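S.K.: heads up, no residue letters with this:
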């Protein structure tokens, strides 16, 4: 990889995009050497990993280099010069006063990821590099910007469009279960994945389901158990080495969107070309055999309306200050920033509350921001029941959700700011009730 040969890539202001083919050692071979070079040069270095899995892998790889691995609170005077942490950890640390450090070189792995923390993190680092405050290395097979759904790969890939079950199925689709070898099947949602997994197990196949909720614990089981099928959301687009020879890819994704002041989860969108390329990129890792990519439909690069962009600006605005040059999203993504930069910045005490809601109460950035903006006492939960009547939340039995406050009054779950992701897709209304009731 020529651009990172020598030391030119380490000069302040240099931004390097490393777009190696999947399976070519980006994370497990190149990145560690990069870090050792920085450590040898005595340069303060930041290494960002997409997930805990990768973070502990990176840890391992840096076996001679003195690093401080951050597995979000706290600060030490121990004095290692390389810090390694997840994308979200970087953002969350910068929400607090004690967490706003500076590094001369920053290396971000899986830098395409469209979780808002990742978007915010690469935006902040890009903005710092544009101000000549650090060097920046973005490592990803699908750099944000132009892209091809069928990029080059180390091994041959047969790509074929076929009808794919929209959940369970009862007859046909025999090619699914006749396949000898292991498959990764991408689904748009946890809900769809549960349906797909149910049929596969009924047909005698072994299945592991991966999503945002299960990935850090169950991804490790894939190597150990070698399931017939990995049924996965887009969470596997971010470094997961699933060790399959076929991908099944409906090319859809859930579509969280703020509509009429609420974040809705209705329907799906066709995936972006980058996303499609990452899904397809689970196979073709080596030469030898010919892998398969079975898909359905076309891509849709226009993801501008998704709530992720707003959430990324919410996060970026609160890890930057009003003073100094204005931050942006990473290059071509700036088009998708929904307001003028700084719009969502909170004062220091509201930001502390904002951070708590995300890190201790599992709130989305969108919901944490609205609560932090509009509430003054962190113990006041009345906003969870003082919303409009169309924000009433159905419980598991389809009835209203009733709960008691500590004083004994009975309330109906009906938030002022309604984020459907808090009651679906890996989050359970029962845990929100724990918050609303003041437990």
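M.R.: Thanks, I have it. Numbers count the residues shown, from 1 in each chain.
S.K.: all helices for this structure, in order.
M.R.: For the chain, the helices defined by DSSP state H occupy 31-41, 52-61, 87-95, 116-130, 174-178, 190-202, 215-225, 273-280, 307-317, 348-361, 365-374, 429-436.
S.K.: out of the ones you listed, nearest to residue 341?
M.R.: helix 307-317 (6.7 Å; Cβ to Cβ). No exception for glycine: its C-beta is placed from N, CA and C like everyone else's.
S.K.: What angle do helix 116-130 and the closest one make with each other?
M.R.: Helix 307-317 and helix 116-130 are oriented at 50 degrees to each other (axes from the mean of the first three to the mean of the last three Cα atoms, to 10 degrees).
S.K.: Helix 348-361 and helix 307-317, what's the angle between them?
M.R.: Using the same axes, to 10 degrees: helix 307-317 against helix 348-361 is 130 degrees.
S.K.: just to revisit the earlier point, reformat the helices of the chain as TSV; add distance to residue 67 and mean neighbour count.
M.R.: Formatted as TSV, the helices of the chain follow (distance: least, Cβ to Cβ, whole Å; neighbours: other Cβ atoms under 10 Å):
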stretch	distance to residue 67	mean neighbour count
helix 31-41	8	18
helix 52-61	7	18
helix 87-95	14	23
helix 116-130	18	25
helix 174-178	44	13
helix 190-202	34	18
helix 215-225	20	15
helix 273-280	28	25
helix 307-317	25	25
helix 348-361	23	17
helix 365-374	28	22
helix 429-436	34	17
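S.K.: a markdown table for those helices, including distance to residue 329?
M.R.: Converted to a markdown table, these look like this (distance: least, Cβ to Cβ, whole Å):
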| stretch | distance to residue 329 |
| --- | --- |
| helix 31-41 | 24 |
| helix 52-61 | 23 |
| helix 87-95 | 13 |
| helix 116-130 | 4 |
| helix 174-178 | 39 |
| helix 190-202 | 27 |
| helix 215-225 | 25 |
| helix 273-280 | 15 |
| helix 307-317 | 7 |
| helix 348-361 | 20 |
| helix 365-374 | 15 |
| helix 429-436 | 30 |
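S.K.: Out of these, the one nearest residue 141 is which?
M.R.: helix 273-280 (7.0 Å).
S.K.: Quick one: end-to-end distance for stretch 387-406.
M.R.: Taking Cα to Cα, to the nearest Å as the measure, stretch 387-406 stretches 20 Å from start to finish.
S.K.: and it, how far out from the chain's middle?
M.R.: Here the centre of stretch 387-406 is set off from its chain's centre by 30 Å, with Cα atoms, centre = their mean, to the nearest Å.
S.K.: before we move on, the earlier item: which of the helices of the chain sits closest to residue 324?
M.R.: Among the helices of the chain, helix 116-130 comes nearest to residue 324, with 9.6 Å by Cβ to Cβ.
S.K.: how far off helix 365-374 does that closest one point, in degrees?
M.R.: On the basis of the same axes, to 10 degrees, helix 116-130 is oriented at 80 degrees to helix 365-374.
S.K.: could you say what helices and strands helix 116-130 packs with?
M.R.: Under the contact criterion of 3 or more Cβ pairs under 8 Å, 6 or more residues apart in numbering; DSSP states H and E, helix 116-130 touches strand 15-18, helix 87-95, strand 105-109, strand 135-139, helix 307-317.
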